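Just the one chain here, the form deposited in one PDB entry, laid out as structure tokens.
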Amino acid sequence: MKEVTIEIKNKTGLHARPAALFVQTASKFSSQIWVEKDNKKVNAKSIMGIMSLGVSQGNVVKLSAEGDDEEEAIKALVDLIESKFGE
């Protein structure tokens, strides 16, 4: 075994909540969901894609859903987004 206690010194530590509550909400649904930023489409239920979209404060993205609950699911993400996630 190999072990180290180390200090996290980068700005946002390991903060990733946004993509967190997002993917959590997006995941609660059966509707397939996508997030498109500048012609880059990614699965809204995948934290990786979200993180890879490099979406920052100020970015406009296209949120799409298609499924038996596509309406309630976008209302969510959108509502979640609109609160600033908290902030």
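C-alpha atoms forming the largest set that superposes within 1.5 Å between two forms make up the rigid core. Residues that one form lacks are left out of the comparison. We number the residues from 1 along the sequence you see.
The same protein also exists as the form deposited in another entry; that form is not shown, yet it is the one meant from here on.
A.B. asks: Using the core for the fit, does the CA position of residue 75 change by 2 Å or more between this form and the one not shown?
C.D. replies: After core superposition, the displacement of the residue 75 C-alpha between this form and the one not shown stays below 2 Å, so no.
A.B. asks: Superposing on the rigid core, is the CA of residue 15 displaced by 2 Å or more between this form and the one not shown?
C.D. replies: Result for residue 15: yes, a 2 Å-plus shift.
A.B. asks: Give the consecutive runs of 3+ residues, present in both forms, in which every C-alpha shifts by 2 Å or more between this form and the one not shown after rigid core superposition.
C.D. replies: Only this run moves by 2 Å or more: 1-15.
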